[PDB]
Structures are given as structure tokens and as C-alpha cells.
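Below sits a lone chain in C-alpha cells, taken as the form deposited in one PDB entry.
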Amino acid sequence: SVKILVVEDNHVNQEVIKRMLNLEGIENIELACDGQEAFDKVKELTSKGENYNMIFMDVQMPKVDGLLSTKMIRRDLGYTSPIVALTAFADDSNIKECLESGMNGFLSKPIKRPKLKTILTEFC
């Protein structure tokens, strides 16, 4: 049973990735609009059992951004599962900063379906 959390500040992007994921065969998708909100959805499932198999997270978001969010989830919680950074700033420099921050993979925006697929194969 695959469970995924999508953290993005724009509902339109949430709807699109959720639709691309549904079309890949994944139905259990959860949404959050910022880093703090994602931390809580995760702290919660760290109390139940059914935790997220993967997390897709915007690098930049108000309140709590993606890097700070990742840091909290990694440190404060002990989440060891895959976190994929989403950003349009995709220079090697940018990508390394995401990994340096504890994020396993990256997808550039606007995210492309095949790239999503490629990410699902290597991390899911």
C-alpha cells in the first residue's frame, strides 16, 4: 500500500502531480501547503504506522520552506524515507544544495510526467 505526501504552495500544482500519480497507479496521495504543515502530517504518521513511502516537496514555500521542512522531518522526526525536491532552479549548484539538505531526489518544474516516472522507479 503506497502512500504519498505532496507538499506545494499552489493547489494547481497539487492537482496536476496528484493526477499524474493517479495515472501511474498511486491513489493514496495526501497534500500539505507548506513546510510546517508537512512536518505535522509526518509527525502524525510517525505516531500511527502508515507513514509516507515518499515525499514530494517544493523547495520554496512560505512559513516553512522545503529545506527547513526536510531538516525538521529528518532531525526532529526520524523519517528515513525518500524526499524529492521540486524547483525550477535546476542548476547543478541548486540540486546539490537540496541533497546537502537531506533530499534524495529532484524534479524540475514544471514537472514532466516521464521524469516523475523515472523518479518513482528509482525511489519508490
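Heads up, when I say rigid core I mean the largest set of C-alphas that superpose within 1.5 Å between the two forms. The first residue of the sequence shown is number 1, and the count goes up from there.
Look at the mean CA B-factor for 53-61 and for 24-32 in the entry; the higher one is 24-32. Between 43-51 and 80-88, the higher mean Cα B-factor belongs to 43-51.
When the CA B factors of the chain's modelled residues are split into thirds, the value for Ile4 lands in the highest one.
The discussion below concerns the form deposited in another entry, not included here.
Once both forms are fitted on their rigid core, the CA atom of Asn53 lies less than 2 Å apart between the shown form and the other one.
Superposition on the rigid core between the shown form and the other one places the CA atom of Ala90 2 Å or more away from its counterpart.
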